[PDB]
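The data below hold one chain only, encoded as structure tokens and taken in the form deposited in one PDB entry.
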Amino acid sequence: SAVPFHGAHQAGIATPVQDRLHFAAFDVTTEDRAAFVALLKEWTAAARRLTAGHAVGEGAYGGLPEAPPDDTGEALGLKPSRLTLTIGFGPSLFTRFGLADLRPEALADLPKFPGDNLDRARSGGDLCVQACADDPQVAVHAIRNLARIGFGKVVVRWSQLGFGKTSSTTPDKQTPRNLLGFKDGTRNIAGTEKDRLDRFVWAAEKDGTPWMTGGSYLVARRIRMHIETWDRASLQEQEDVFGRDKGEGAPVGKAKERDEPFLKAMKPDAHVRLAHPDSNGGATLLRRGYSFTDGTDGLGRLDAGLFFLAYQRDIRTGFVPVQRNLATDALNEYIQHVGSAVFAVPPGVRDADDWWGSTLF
């Protein structure tokens, strides 16, 4: 019930997709390069403990009565829950500490896209920690404590709780459904396809930024779903939008969910057709997103949707082109991008002496 924290790559990218998610973006408040590398090493030290199910530092209790506990404790006696912890570096981070010439080109700023309604507050970030586990309380505990450890050095800019499937009740040999009611993930890069990952996800040494070798580039979008609207369309409209039938997830005309799609059979603005790599010169992404529901608004409407997360070897040749191709997507009627960030995701923590970002600092 745990995922090895060390390795060539960071866990949480090609490893099994866990049930829950706490994504937080942080802004750096120090300009001390030393202070920062110090926190990086501290943060790594605590990541090792949390991914193995231990409290941070000297535990949640049993210390000097007069000190505050090292660990806030609400993970006591829960299991590691396959917790993974992925840290990434926003572009604005490279304006500090004199790293401006270390910024990888593939960490390209997103264009503004048609329809964009980017909420500036829930956008961007100097760095991020993706926290995945099957128990949401573990994930949150992780973020809470990491915030606490870097307090005075970093602050939480925005935070996003999500969920996918509940592995306690659904088969992993079965495709999860998003809040629009369709199966989601059918044509994705899978953690087993090492050659796919090497070609489309991991950064190569010869890519141009040696410190990113084995890292990846992450694109995040908070995507609101106009639910009450979508719910009023007919089954045929809905099935028309993506190009798959709702109940079985089959590409129009075909019988099974995993039949290869025949795209001409799909309406020319169908999602699957416009996202498909054959539509995009080969561009193929690893999608690792979670649905979200934050509650209601002032208008009565469900505040729900897809927290879309994509990993790629180069933002320019991965997300950018595919997002460009969805200008005309039929889905646009029912969604709206309302927050966004990119991050270079450094390679793994190689052993117990390594630390997060060592290749950079």
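Take the two forms, find the largest set of C-alpha atoms that superpose within 1.5 Å, and that set is the rigid core. Residue positions are given as counts along the sequence shown, with the first one as 1.
Here 249-257 and 287-295 are compared by their mean Cα B-factor, and 249-257 comes out higher.
Mean CA B-factor, 64-72 versus 310-318: the higher value falls on 64-72. Listed residues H271, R103, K112, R222 were ranked by CA B-factor as deposited; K112 comes out on top. The entry assigns its greatest Cα B factor, within the set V201, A204, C132, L107, to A204. Looking at the C-alpha B-factors along this chain, the one for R49 belongs to the middle third. When the modelled residues of the chain are ordered by their C-alpha B factor, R350 lands in the highest third. In this PDB entry, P80 carries a Cα temperature factor that places it within the lowest third of its chain's modelled residues.
For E333, the recorded CA temperature factor ranks within the highest third of the chain's modelled residues. Ranked by Cα temperature factor within the chain, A275 sits in the middle third according to the deposited record.
Although it is not shown, the form deposited in another entry is what the next lines describe.
Once you line up the core between this form and the one not shown, the CA of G164 is the only one from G124, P80, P261, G164 that shifts by 2 Å or more. In contrast to the form presented, in that other deposited form the C-alpha positions of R288 and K165 draw closer by 3 Å or more.
The pair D240 and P171 is tighter in that other deposited form: their Cα-Cα distance falls by no less than 3 Å compared with this form.
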